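Residue numbers (the working numbering), protein chains in the order written: chain A, 118 to 203; chain B, -11 to 144; chain C, 2 to 193; chain D, 2 to 136; chain E, 6 to 163; chain F, 347 to 477.
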Amino acid sequence: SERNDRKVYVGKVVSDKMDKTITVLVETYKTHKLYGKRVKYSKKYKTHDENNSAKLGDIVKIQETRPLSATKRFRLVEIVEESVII
Amino acid sequence: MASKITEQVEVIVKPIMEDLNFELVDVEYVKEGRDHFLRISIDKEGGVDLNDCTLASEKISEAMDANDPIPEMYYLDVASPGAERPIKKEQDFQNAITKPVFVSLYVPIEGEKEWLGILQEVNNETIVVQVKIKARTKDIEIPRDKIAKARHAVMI
Amino acid sequence: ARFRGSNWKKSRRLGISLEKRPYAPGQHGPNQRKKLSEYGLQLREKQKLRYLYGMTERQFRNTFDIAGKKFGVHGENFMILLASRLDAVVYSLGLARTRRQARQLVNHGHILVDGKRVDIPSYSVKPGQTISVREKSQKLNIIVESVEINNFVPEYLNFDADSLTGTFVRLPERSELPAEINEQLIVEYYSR
Amino acid sequence: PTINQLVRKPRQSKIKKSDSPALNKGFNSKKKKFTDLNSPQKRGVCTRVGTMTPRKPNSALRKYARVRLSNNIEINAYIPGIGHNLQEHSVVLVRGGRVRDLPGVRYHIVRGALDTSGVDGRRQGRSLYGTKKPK
Amino acid sequence: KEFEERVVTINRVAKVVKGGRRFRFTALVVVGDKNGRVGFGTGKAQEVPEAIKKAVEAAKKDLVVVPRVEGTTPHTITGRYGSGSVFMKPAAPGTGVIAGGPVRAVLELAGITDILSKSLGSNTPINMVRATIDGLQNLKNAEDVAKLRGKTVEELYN
Amino acid sequence: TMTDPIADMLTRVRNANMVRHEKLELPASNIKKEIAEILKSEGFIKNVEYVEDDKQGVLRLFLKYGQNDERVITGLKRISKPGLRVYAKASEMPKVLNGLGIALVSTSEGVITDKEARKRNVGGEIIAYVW
RNA sequence: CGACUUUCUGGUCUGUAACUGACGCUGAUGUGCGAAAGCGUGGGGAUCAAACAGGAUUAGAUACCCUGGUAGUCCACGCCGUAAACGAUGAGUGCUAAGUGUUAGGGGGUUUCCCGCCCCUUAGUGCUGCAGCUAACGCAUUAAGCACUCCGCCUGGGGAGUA
RNA sequence: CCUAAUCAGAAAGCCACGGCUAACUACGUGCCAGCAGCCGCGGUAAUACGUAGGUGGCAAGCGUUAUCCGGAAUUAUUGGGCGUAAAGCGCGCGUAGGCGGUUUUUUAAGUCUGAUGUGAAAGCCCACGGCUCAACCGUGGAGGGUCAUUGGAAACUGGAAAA
RNA sequence: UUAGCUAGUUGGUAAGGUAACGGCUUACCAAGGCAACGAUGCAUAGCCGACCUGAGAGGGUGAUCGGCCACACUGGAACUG
C-alpha cells in the first residue's frame, strides 16, 4: 500500500515515555471565519518508534500504517532531524 | 404609619359597607419610590364580579377623595379576592372541601413538600382529596401535623 | 382589490386620463385640499401607473422586482414590463379606451394569445407573439367599435383593423408609452 | 481591539431578553418540563380580579386580575377595554402588552372571544376586539 | 445658476428670555440647479415666508459644480462631518438614486439618475446634509487628474 | 517599533500633503525605491531619488503638487499592515476609483501596479491604496 | 515618592556608534509592587480619633455645641491589594505649521565663561495656535492629526458592584 | 382544462385618517368616559371618544400577537469608542504568543499561479421548457472547497543561509 | 461562577477476540496518559446539506426533502442470520 502515501507528517518528537512508542507533534494553523489571522496549532501523534530511538526535538516524518494502540496510529517513516541541545 | 393606616381602615370601612356593603378584611400598603399601593381586600360575596370591583373602587376612591389625613396621594389597590386562602385553621380547610388546596407537609416527596389536590370530602387531619400529581389520581390522607404550609388553591 | 375605483373620481385625485377633476373629491376635495409628499408622490406614481393599469400588488410588485436582474436599466425595464404587462399594450393598440375597458375583455378572455385561450389579465406578451379575437364572438359591439377608434399603433405594436391582432416588435420606452413620470421615483418607492 | 485578541474572542453582541416572559405550554403538561413555547395564546383562567386606582388628573380607573394560563404561572394583569361579563375564576385570554397604567405587569387581556366579552357597538371591533363585523 | 430652493424643515427654537419665550422659526434651505450645482443656506425667522426668504438668499450665494458622468459622479466616495457621515456610490441606470430622504433631496438638487447611497451616523438632517455637501465638494473627474498627473485618460482612468 | 514601512511612508506622505511641500526624503528599502519610481511614473511625485547610507539609503522624493500646490491624488492608505498579510489573486485585484485610483501589488516576481496587476494577471500581496 | 545624612543598589539623559547583528515588540495565563482605613498578632501611643460618656440640647441626647478620652492611627509582619491609585488620555513606533517655555544636554558661530546670544536637534514637561478631529469642550510635535504590533474595558438608565 | 348558455348579475372585505405614514371633516360626547405603538390627546369644541359622511391604504383577505434579521453599523473586520455621555489594571515583571529593521541568495512553505481529481442531488443564480400565466417542477448552465495534487514564481511573510 | 482529568488508564509483553485494529479484554512489567491553544464538568443539542432576514457582509434558523447518526415501556443480555 506504499503507492498510497498513507499519512506522512514532518514534525518533532516530543516524548517517548511509552514502550516502543513516541509522539510526533505536527503543526498546522486554521483560518478565522470573520478575521484571517491565526496562530500555529497542532495535533500530537502517538507514533511507534520501532525501538524508541527517537529523541526530543527530533524533527521527523511518519506514516499512518495501523491503529497501533490508543491513538497510536502513525508508523515512523524516517527520522529526519533527531537532535539534542544545539 | 401602621396606626395611621389602621385609622384609615376604620374611617373607610364605613363606606365599603354603606356603598357596596362589602367588608375590608384588611388594607395593606406596599411602596417602591412612589405613591404607595394600599391593597384593600374587599370582601362581601366571594365571587366578586369585575364591575363589583369597578363600582366599589369608585365608591372607596370618592370616599377618600376628600379623606386623606396622610399628606401625600397614593395608589388605592381595590382588591376583591377570590376563595383562594392560606389554610392555617381547620375551618379554613373545612370551607375549602369544595375547592382544591395545596399543602407543604413535614414528609415531602422528591425534596419539596408542596402538593396540590382537589378535595372530595372533609376528614379532620386525614385527607380524601382527589390529589392530582403527575397526572395521578388518588385520595391521599395528608397529616396536618406534617403540614408546615397549607393554602387553598385555584380551581382552574 | 382588483379594480374597484370609479377612476374618474380617482383621476380627480391623480389628475390622470384613463370641473371637480381639477380638485380632489369628497367633502373638502373641491375646497382647498392638502399638498403632496415625496413619499406621497411616489405612492401617486404607483397609482398613476397601476391604478392606471388596473391591477393589484400581488400581481404587481413581483413584476416590479423582476426588472432589476437584467443589465442596464431597471426603471425602463419596469416600463417595458408594464408594457409587456398584458393590458397596457392592448390599450395602446386602441383596443381599449381605458385600461379598465379591456381588462374585462382579457379576464373574460375573448383575447386568444396567438389563438390560444389565456383569460388572465395578468398574462405576459413578448416579441414575436400576438393575440386572437375568439372568432366565435370576435365582432361584438364594443370590441369592433374600439377597433374603429385606434389613435395610433406604436413601433412595438403591429396591428391593422383587418389584422385583428398586434404583435410585439421592439422593447418600448417611456418615450413610447405616454405620461412620463419618474421611473426612478417609483423604484425608490419600493426601495424603502 | 487588536487582531489577535479579536481572534481569541467572539466580540459578543448585547442580545436582549424578551421582556414578555411568554413561556407557553411547551412541556408544562407532561413532566412539567420548562419549555420556551412562543405561542401567541394559551388558554387559562383569571382566578382573581381587582382594580387599582390611577392618580389625578386622569382618574381613568383601570382594573386588574391575576391569571393562570396553560402553564399556570402567577401574574397580576390589568384589563383594558369597556364592558365585560366575567368574574372571579373565569377563563380569559391574555395578550402581551405593557401600558402606562402600572408597573409590575407587561401583559393584557383581550376582549371578545372569551369570558371577557367585548362590545360590538363600535366599528373598530370590525376585525378585532374579538367581536364579529358589526352587522 | 437657476436657483431652486430646498428647505428641510421648520424648527421653532424657543430662545426663552427673561419673561417671554421667543421661539424663532428656523429653517435651512438648500439652493441648487439640479444640473450640476447646489448650495445650502440657513435662516432663523418667525414664519415660513421669512425663513424661506432668508435661507434661500443665503443658499443661492455659495454653490458647487457637481462633476458628473451619465449625470452621475465618475467615482464613488463617502461624506463625513461631525459623525453625520454618509456614503455614496454610482448605480446602474434605471435603478434610481437611493438615499435617506433629506440627503436624497440634496442629491436630486444635484440631479443624479442612479446612486448607491445611505445615510449614516447622525440622523440630524443638518449634520448629514453637511457631510453630503462636503463629499459633493470633494468630487473630481478623470480629465482633472489626466491634466494634474502628467499621464492622461484611457490609461489610468475610470 | 517601526513595524511597517508602508505605514510610515504613507502617513508622512499625507503629512506632506497637509503641509503642501514637495522635497522630502526618507530611509528607503529596495521596495521603497521601486515604488517611488512607480510614483514618478504616476507623476504626482515630480521626482524621486535614492542613495545609500545607514542603514538603507535615504529615498528622496520631490512631489508633483497641483498647479496651486494641491494634491493631484486625493487619498492614500496602506493595505498590507502588520499581522494583516493580505493577498489578492488575479481576480481578487481591486480597483480603487477604477483606473484613477491605483495600487501597487507585490507579486510572485515583484511589486506591480494595479494596471500591471489586472494586465499580467498575476495576483499577490496587495500593498497600499492611493487615490 | 520631599527634615538631613548614609546603605547599595534601581533608574535618568547629553553626547556615544564603539559594532555582534534584530538580538525587537506589547504582552492572555501567571504574576510583583503597591493611599487610607480596617485588622491578626506582638509593642508603642505623641497627637488625632471614631465610637463613647460626662454633657448642652431635650422625656431621650451619645444627636453638636462641649470635656476628656477613645479602637486604631502609630512601631513588626501578614491580612490587607482597595480608592478620586483620575487625565476614566495602555505602551512603543515614527510623521506632521507655527509661535513659544521649561528640565537637564550638547554643538556651532557669536563673545571675556555666549554663561552671557542665537540657533540645531537630544529627551521629556508647558501656554497660544496650522492642519486635523471632537456634539461640544480642546488638543494640536508632549495631538485628542496621522498611521502601525500588542492589553483591557465598555452593550441605556438603573436595577445591583449588589446578589 | 375546455365548449352551449347565465346576468352584472352570486363573489370582498377590512385597516387607517392628529401626525409619525395614506387619508378629514361634521356631529354627539365630556380630562370623564376613555383612546392609547410614540409624541400624548379627550376638560364639553376630539379629523387622538363615539357616530355619520368623506378620503385614503388595502383585499381574498385584513388587523393583532409570538419570534429572526434588516433597521440593528445596536459589534464597531467590513462597520465605536475610552478628552469628558459606557469603558485604561493602580501600576509592574514578564511565559507563550502577536507582529516583525537594512541588504544578498535558495525555498515555494506560504504567497501568488494555472492544470488535475473533486465538490450528491435538489434548492442555489442564469437561461430555458412545460403547465393560460403565475405558482410550479423540469432542463442545462452558472455558481458551489478554507479539499488534495502538480505547473511556474520568489515580491512579500515564513523559513534556509549571508552579512 | 466548568481546571485538573487521569489507571485498562499509558505503552508494550503473551493469550484470546472480532473484518481488522489495539486494553479490545485478560495476566505481566512499567508508569504513565491527557491539563488553560479550556482537558475535565455542567447545560443543552440530533447532524449537515439546506433555509429566513440582511445590498452584501453577516446574523439567525435546521418544517417536509437528501443523506448521516441515535432510539424504539425500562434495564440486562444473547439466538438467528
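Cβ coordinates follow ideal geometry from the N, Cα and C atoms, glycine included.
- Query: Shorter than 8 Å from the beta carbon of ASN163/E to some beta carbon of chain F?
  - Reply: For the purposes of this step, residue 163/E is taken as the residue at position 158 of the fifth sequence. With 8 Å as the cut-off, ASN163/E counts as an interface residue toward chain F.
- Would DSSP call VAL141/A helix, strand or coil? Translated into the one-based positions of the first sequence, residue 141/A becomes position 24. The three-state secondary structure of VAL141/A, taken from DSSP, is strand.
- To the nearest angstrom, how far is it from the Cα of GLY113/D to the Cα of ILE83/D? Here residue 113/D refers to the residue found at position 112 of the fourth sequence. Here residue 83/D refers to the residue found at position 82 of the fourth sequence. Each residue's alpha carbon lies about 11 Å from the other.
- Looking at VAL126/C and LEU83/C, is the spacing between their C-beta atoms short of 8 Å? As a working mapping, residue 83/C is identified with position 82 in the third sequence. As a working mapping, residue 126/C is identified with position 125 in the third sequence. With a cutoff of 8 Å on beta-carbon distance, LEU83/C and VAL126/C are scored as not near each other.
- Item | Contact with chain E by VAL457/F, beta-carbon distance below 8 Å | Start at 1 with the first residue of the sixth sequence, and residue 457/F comes out as number 111. It does not: the Cβ of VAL457/F has no partner Cβ on chain E nearer than 8 Å.
- Can you list, in chain order, the residues of the region 456 to 476 of chain F whose Cβ is nearer than 8 Å to any Cβ on chain E? Listed in sequence order: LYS461.
- Message: So, under 8 Å CB-CB, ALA44/B and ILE30/B are touching, yes? Tell me the CB distance rounded to an integer number of Å.
- Response: Looking up residue 44/B in the second sequence gives position 56. Looking up residue 30/B in the second sequence gives position 42. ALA44/B to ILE30/B, Cβ: 6 Å. Contact.
- Item | Inter-residue Cα distance where the pair is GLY89/E and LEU142/A | The count along the fifth sequence starts at 1 and reaches residue 89/E at position 84. The count along the first sequence starts at 1 and reaches residue 142/A at position 25. Using only the alpha carbons, I get a separation of about 53 Å.
- Query: Can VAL100/D and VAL68/D be called in contact, C-beta distance under 8 Å?
  - Reply: As a first step, residue 100/D is located in the fourth sequence; it is residue number 99 there, counting from the start. As a first step, residue 68/D is located in the fourth sequence; it is residue number 67 there, counting from the start. Not in contact: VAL100/D and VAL68/D (Cβ atoms no closer than 8 Å).
- Query: Along the chain, which unbroken stretches of the beta strand (DSSP E) at least 3 residues long are found entirely within the region 93 to 133 of chain B?
  - Reply: Unbroken beta strand (DSSP E) runs of no fewer than 3 residues, entirely contained in the region 93 to 133 of chain B, are found at 100 to 106, following chain order.
- Query: Whose C-alpha, out of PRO351/F, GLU368/F, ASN363/F, is nearest the C-alpha of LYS379/F?
  - Reply: Position 33 of the sixth sequence holds residue 379/F. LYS379/F has its Cα closest to that of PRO351/F, out of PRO351/F, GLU368/F, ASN363/F.
- Query: Once you ignore the five residues that flank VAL18/B on each side, which residues in its own chain have a CB closer than 8 Å to its CB?
  - Reply: Translated into the one-based positions of the second sequence, residue 18/B becomes position 30. Close CB contacts of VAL18/B within its chain, under the 8 Å cut and outside five residues either way in sequence, are with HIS24, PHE25, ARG27 (chain order).
- Residues, ordered as in the chain, of the region 84 to 99 of chain D that lie near chain B by beta-carbon distance below 7 Å: Shown in chain order are the members of the region 84 to 99 of chain D whose Cβ falls below 7 Å from a Cβ of chain B: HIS85, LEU87, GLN88, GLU89, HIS90.
- Query: From this set, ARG135/C, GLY95/C, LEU53/C, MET80/C, which residue's C-alpha is nearest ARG118/C's C-alpha?
  - Reply: Taking the third sequence and counting its residues from 1, the one referred to as residue 118/C is at position 117. Of the residues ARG135/C, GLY95/C, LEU53/C, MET80/C, the one whose Cα lies closest to the Cα of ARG118/C is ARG135/C.
- What are the start and end residues of each continuous alpha helix (DSSP H) run of 4 or more residues lying completely inside the region 68 to 97 of chain E, in chain order? You should have found no qualifying run.
- Which whole-angstrom value describes the C-beta separation of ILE120/E and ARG73/E, a residue pair presumed to lie in contact below a C-beta threshold of 8 Å? The sequence position of residue 120/E within the fifth sequence is 115, counting from 1. The sequence position of residue 73/E within the fifth sequence is 68, counting from 1. So it is not a contact: roughly 10 Å between Cβ atoms.
- Query: If you follow the beta strand (DSSP E) that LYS20/E is part of, which residue opens it and which one closes it?
  - Reply: Mapped onto the fifth sequence, residue 20/E falls at position 15. 16 to 21 is the extent of the beta strand (DSSP E) around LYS20/E.
- Under 8 Å between C-beta atoms, does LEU385/F make it to chain E? If you number the sixth sequence from 1, residue 385/F lands on position 39. Interface criterion not met: the Cβ of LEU385/F is under 8 Å from no Cβ in chain E.
- Query: Ends of the alpha helix (DSSP H) at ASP460/F?
  - Reply: Locating residue 460/F in the sixth sequence gives position 114, where the first residue counts as 1. For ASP460/F, the uninterrupted alpha helix (DSSP H) segment begins and ends at 460 to 466.
- Just list the alpha helix (DSSP H) runs in the region 100 to 133 of chain E, keeping only unbroken ones of 4 residues or longer that don't cross its boundaries, in chain order. Listed in chain order, the complete alpha helix (DSSP H) runs (minimum 4 residues) inside the region 100 to 133 of chain E are 106 to 113.
- Query: When you compare each of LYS172/A, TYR158/A, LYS157/A to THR164/A by their alpha carbons, which one comes out closest?
  - Reply: Taking the first sequence and counting its residues from 1, the one referred to as residue 164/A is at position 47. By alpha-carbon distance to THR164/A, the top candidate from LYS172/A, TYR158/A, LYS157/A is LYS172/A.
- Query: At a Cβ threshold of 8 Å, is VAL91/C touching chain E?
  - Reply: If you number the third sequence from 1, residue 91/C lands on position 90. With 8 Å as the cut-off, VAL91/C does not count as an interface residue toward chain E.
- Task: Give the residues of chain D in contact with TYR126/A, contact being defined as C-beta atoms less than 9 Å apart.
- Result: On the first sequence, position 9 is the one that residue 126/A refers to. Chain D residues near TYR126/A: none, gap ~25 Å exceeds 9 Å.
- Query: Using the beta-carbon of each residue, which ones in chain D are nearer than 8 Å to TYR152/A?
  - Reply: Here residue 152/A corresponds to residue number 35 of the first sequence, with the count starting at 1. The contacting residues are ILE4, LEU7, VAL8.
- Message: So, at 6 Å on beta carbons, what are the nonlocal neighbours of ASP460/F in its own chain, with the 5 sequence-adjacent residues on each side left out?
- Response: Position 114 of the sixth sequence, counted from the start, is the residue given in the question as residue 460/F. If you ignore the 5 residues before and after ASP460/F, its C-beta comes within less than 6 Å of the C-beta of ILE448, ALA449, all in its own chain and listed in chain order.
- Item | Straight-line gap, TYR433/F to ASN444/F (C-alpha atoms, nearest Å) | Translated into positions along the sixth sequence, residue 433/F becomes position 87. Translated into positions along the sixth sequence, residue 444/F becomes position 98. Taking the straight line joining both Cα atoms gives about 19 Å.
- Task: May I ask you to list, following chain order, the residues of the region 31 to 45 of chain D that have a beta carbon less than 9 Å from some beta carbon of chain B?
- Result: Residues of the region 31 to 45 of chain D with a C-beta atom less than 9 Å from some C-beta of chain B are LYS31, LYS32, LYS33, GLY45, listed in chain order.
- Query: Does the beta carbon of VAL150/E sit closer than 8 Å to a beta carbon anywhere in chain F?
  - Reply: As a position in the fifth sequence, residue 150/E is number 145, starting the count at 1. It does: the Cβ of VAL150/E has a partner Cβ on chain F nearer than 8 Å.
- Message: Against chain E, which members of the region 422 to 438 of chain F pass a CB distance test of less than 9 Å?
- Response: Here the close residues number zero.
- Message: Here's the rule I'm using: 16 or more other beta-carbon atoms within 10 Å means buried, otherwise exposed. How should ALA141/B be labelled?
- Response: The sequence position of residue 141/B within the second sequence is 153, counting from 1. Buried: at least 16 other Cβ atoms inside 10 Å.
- Taking the alpha carbon of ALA187/A as the point to measure from, which residue in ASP122/A, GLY153/A, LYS161/A, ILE203/A has its own alpha carbon closest? The residue you call residue 187/A lines up with position 70 of the first sequence. Nearest to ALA187/A by C-alpha distance, out of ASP122/A, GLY153/A, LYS161/A, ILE203/A, is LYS161/A.
- Message: What are the residues in the region 387 to 404 of chain F lying within 7 Å of chain E by C-beta distance?
- Response: The residues in question are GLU388, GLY389, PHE390.
- Item | Classification of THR42/B by the beta-carbon crowding that lies within 10 angstroms, buried from 16 upward | Translated into the one-based positions of the second sequence, residue 42/B becomes position 54. Classification of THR42/B: buried, given that the 10 Å Cβ count is 16 or more.
- Task: Tell me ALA50/E's beta-bridge partners as DSSP assigns them.
- Result: Position 45 of the fifth sequence holds residue 50/E. For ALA50/E, which the question treats as bridged, DSSP gives the partners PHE30/E.
- Message: Can you look up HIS109/C in the DSSP assignment and give me helix, strand or coil?
- Response: The count along the third sequence starts at 1 and reaches residue 109/C at position 108. DSSP places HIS109/C in helix when its eight states are reduced to three.
- Message: By the three-class DSSP mapping on this structure, what secondary structure does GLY37/E have?
- Response: On the fifth sequence, residue 37/E is found 32 positions in, with the first residue counted as 1. The three-state reading of DSSP puts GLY37/E in strand, counting E and B together.
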